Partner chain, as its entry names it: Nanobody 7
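A single chain comes next, written as structure tokens; it is the form deposited without its partner chain.
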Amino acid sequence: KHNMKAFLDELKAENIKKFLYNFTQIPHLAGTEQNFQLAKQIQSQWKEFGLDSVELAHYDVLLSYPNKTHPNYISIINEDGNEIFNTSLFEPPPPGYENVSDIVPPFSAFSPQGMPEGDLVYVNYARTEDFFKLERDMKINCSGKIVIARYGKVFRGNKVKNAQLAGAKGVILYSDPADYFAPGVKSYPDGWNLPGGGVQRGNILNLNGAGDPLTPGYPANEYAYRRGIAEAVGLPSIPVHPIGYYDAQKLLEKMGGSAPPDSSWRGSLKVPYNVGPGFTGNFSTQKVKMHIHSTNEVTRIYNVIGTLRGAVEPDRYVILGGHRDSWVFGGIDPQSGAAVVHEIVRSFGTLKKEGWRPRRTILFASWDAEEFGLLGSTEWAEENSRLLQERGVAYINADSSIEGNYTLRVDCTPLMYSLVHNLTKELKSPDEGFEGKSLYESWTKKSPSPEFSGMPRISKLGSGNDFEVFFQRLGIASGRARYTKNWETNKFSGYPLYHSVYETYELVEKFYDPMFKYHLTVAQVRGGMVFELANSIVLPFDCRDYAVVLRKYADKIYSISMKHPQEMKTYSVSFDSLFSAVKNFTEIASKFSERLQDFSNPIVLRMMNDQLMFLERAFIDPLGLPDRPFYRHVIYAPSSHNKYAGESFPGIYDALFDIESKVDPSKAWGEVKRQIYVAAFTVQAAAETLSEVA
């Protein structure tokens, strides 16, 4: 038989291992020849595997690279202008790779050029609340200063945005061992920790969903009109560069001015973590000088798009996508994901060669330039938005399959909660001590829901990966799943070797997953989800799960507002409409579920499948969120303080944030009321898509 068990049984850990080795021997940086060659290899192999069509979709997008003959570095400079200490020009390469060429040195992609010189201020994680503490409580002014911030907690582009608005003239990002060195584990190559010379690459854009900075709204095809660089979307205005903790120690050790305000500001280095500005007495005349010479360049990128045509509903698309470009070798990010996608394609293709096809069309994507701002997925979605609008059932992302070996991590739309619970109850746990137990059992034990007993945690979607355009712009039901660590406070910081040269095949094979059993489990989860979405007669979405969360989110946003009772009285701020809409959605969803269970009629079925498919779509507002036109989902958006985190009722949340500091409370509370109206209307309008159609 050709059922899900047949699909799942065909997946093999040893194939995932072979693919991971094959994809990680040389760097695959976006825009480079190496990565184009890998695209062509994947295209050829997906064809061999049995897909109906496999094409490359190319775009010409703005990328950023260091200047090979004018390298980036930071100095401490004396009053005579002598550079007395310099940060490293490259990470010491790992054993056996010291002769690999074209390893891009650490840099912050899209930094502007400059050579700012100044006094340092230390800003902890450079979060919104860290700058509030500095400027409001400690009365420290960052204007004209170079800020030094530790990586962790929030997306680095948010740090840079925050520093820019505080008036900084430059930002130095570093990896503190508090966040990137687990106690009792050795540094690479002897363990999975970051060494003092390791550095985390990554872009510092704030694109808010736009994709290529030069072509917002439209694909960057051959005839595209491009914005001038001065009008580009999302580019930082001050130079930025990342460094390792050996170099950070040298910059932080001489810091003077004010003591850290409390222990949450101190990392694990042997320095005081003084906030500054500037250095202690003896070194008061020394400064820090940055030298950044990176260039932004329009560069061709290539997505591979494979199609497995549906037997019954070929005009309904289930998409499994993940990226292929990496900063260096991509041992975890992304090739641990890409190897899983490759084995999933091979398995579906095996069934296809035996005469099977899925009910609905499955599209498989190998995206390019994810590391430079989700560029490949977003340009392709811009090109194909009308097809995706009207035909897109679901998107499952497939970046890194592992970031630890402890338990499952899942973020997805509520419409997928029941699917994930049911699938994980049918899969074997790979965990020590849970032999013979379901993955649902191990996951629920290790990562309990904060809300419900005997349920696992599933988080909201924000941004930070290639599902963003599908979910936040287009309103296609999306999900993601991987294996993770037990390090809760580090959930947005990345594993220690994230975006470093040290993330290699050997890292994964020696220290993360020697038997590739966690990779196999992730392949079963991602592939099983795609299988069910593409083959179930009724789409496997439960609208009642959205009703449950909407009440949760309404209670939460009401509780934030209720911190300001006198203003709610003064400005007549009522959440009554939003609770009414949620109540209506709950009632209508319950009645729809009854009809769905109670309805031989393929028109009623498809009518009902269309209601299920367009339900996520109903939460899209074609006017977008305030000043973020490409974030259009009214229930979820990436947090304005941390792109990696999802925020619920984002338009209301942002209207309320720090509202006590707004100079015109009438205007500010008016906009809260406006956002309550938009949210109440949108929830009611989504509910009504589930009513009887006539």
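Numbering follows the first chain given and starts at 1.
Here the subject shifts to the form solved in complex with its partner chain, a form of this protein not shown in this document.
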Which residue, 288, 439, 275, 554, is the contact with its partner chain in the entry with it bound, using a 4.5 Å heavy atom cutoff? 554
Of 660, 48, 33, 664, which one comes within 4.5 Å of its partner chain in the entry with it bound, counting heavy atoms only? 660
415, 418 and 428 each touching its partner chain in the entry with it bound (heavy atom, 4.5 Å): no
So if I measure heavy atom distances to its partner chain in the entry with it bound, which of the stretches 256-264, 110-118, 564-572, 337-345 falls within 4.5 Å? 564-572
Wondering, does residue 558 line up within 4.5 Å of its partner chain in the entry with it bound on heavy atoms? yes
May I ask you to state whether residue 477 is within 4.5 Å of its partner chain in the entry with it bound, using heavy atom distances? no
Does the 4.5 Å heavy atom contact test between residue 123 and its partner chain in the entry with it bound come out positive? no
Is there a heavy atom of residue 435 lying 4.5 Å or less from a heavy atom of its partner chain in the entry with it bound? no
Relative to its partner chain in the entry with it bound, which residues of 436-458 have a heavy atom no more than 4.5 Å away? 451
